[PDB]
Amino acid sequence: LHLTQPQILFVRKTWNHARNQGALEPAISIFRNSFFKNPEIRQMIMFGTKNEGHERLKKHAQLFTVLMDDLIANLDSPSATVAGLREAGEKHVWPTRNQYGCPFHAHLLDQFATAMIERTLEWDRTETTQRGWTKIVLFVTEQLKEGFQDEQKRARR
């Protein structure tokens, strides 16, 4: 991660503003936008009964909120959140690939990145400071991808 200080200030101001939307926001809105980018993501996260699906989305938002909160508070050295992100990615390796209807692949996280970047634009902006969000989202989804791909490559087929 290489954010400039003006980028760090802008990201923190907009993030804390976004968190004002609710306990699990903006995480929930980010997941919902990924559902729009790719409805298969929704089919997977909402797999099962109405309750099960909603609980899974809630838990996803809860954990992502914690990881993001920690990352943003620690933009100076985020090794802890790096491990956490790789671990989260790792959790998407399932012996039966279509256990949840559609298999997980790294491309889903690229779509998630697009969804998240779109949301950041909704949260005194300049192109240079806004690029702080692009850096953060790329970092986050890259660590998720590495966690998943390293784990999936190692698993039996």
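Note that residue numbering begins at 1 and tracks the sequence as displayed.
**Student:** Look at the stretch from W123 to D124 and count the residues of the deposited sequence that the entry does not model, then pick none, 1 to 3, 4 to 9, or 10 or more.
**Tutor:** Gap between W123 and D124: 4 to 9 residues without coordinates.
**Student:** Going by the B-factors listed in the PDB entry, is the mean over the C-alpha atoms higher for 2-10 or for 146-154?
**Tutor:** For C-alpha atoms only, the mean B-factor is higher in 146-154.
**Student:** Would you determine, from the values in the PDB entry, which of 87-95 and 48-56 has the greater average C-alpha temperature factor?
**Tutor:** Mean CA B-factor is higher for 48-56.
**Student:** According to the PDB entry, is the CA B factor of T134 in the bottom, middle or top third of its chain, that is, lowest, middle or highest?
**Tutor:** Its C-alpha B-factor belongs to the lowest third of this chain's values.
**Student:** For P103, does the deposited CA B-factor place it in the lowest, middle or highest third of the chain?
**Tutor:** Ranked within chain, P103 CA B lands in the middle tercile.
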